[PDB]
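Just so it is clear, none of the values below were taken in a lab; they were calculated from the coordinates. Cβ coordinates were reconstructed from backbone atoms using ideal geometry, including for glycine residues, and neighbour counts include every protein chain displayed.
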Amino acid sequence: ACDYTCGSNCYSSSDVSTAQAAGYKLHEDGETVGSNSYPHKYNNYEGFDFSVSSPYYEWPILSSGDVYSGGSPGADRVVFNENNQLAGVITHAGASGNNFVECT
Ligand SMILES: Nc1nc2c(ncn2[C@@H]2O[C@H](CO)[C@@H](O)[C@H]2OP(=O)(O)O)c(=O)[nH]1
């Protein structure tokens, strides 16, 4: 059930998988949505120890279960690479400024 905990939001592997597929599809087509143009490159300023190689891209994952479509992105993000491999699930929740912390 609670595979990933982002602040108080609980995500299953299915939730992450569904969000990742949607974000990768848009990346593949070269399209973006929302005021911050997702999905966009994630430079890894936080220095997370990802097991998959870059480049990384961040895409919002919504607590409601809906697939992000341009509205309010919220605090949570799924990070995937060019091979459509999951790098990690991160969040602004519990972090300072525009920084991210990993979901556990
Ligand atoms: N915090 C953070 N921001 C990143 C990173 N990669 C790209 N960004 C973008 O760098 C700027 C400063 O944080 C923002 O535009 C942010 O996009 P988001 O705000 O959409 O995440 C990253 O690794 N960490």
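About the centre of its Cα atoms, the chain shows a dipole size close to 120 debye [charges on the beta carbon of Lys, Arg (+1) and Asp, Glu (-1) only; nearest 20 debye].
Taking other C-beta atoms within 10 angstrom as a stand-in for reagent exposure, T104, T32 fall in the order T104, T32, fewest first. Sites counted here are GluC sites (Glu not before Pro) in a DSSP loop (not H, G, I, E or B) having no more than 15 other Cβ atoms within 10 Å; the longest part of the chain that contains none of them is 47-81.
Fewest neighbouring Cβ atoms within 10 Å first, the residues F50, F100 line up as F50, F100.
Globularity index of region 1-98 is 0.98 (Cα radius of gyration / 2.2 N^0.38 Å, N = number of residues).
Only Cα pairs under 8 Å and at least 6 apart count here; give the relative contact order of the chain as a rounded whole percent. Result for the chain is 27 percent.
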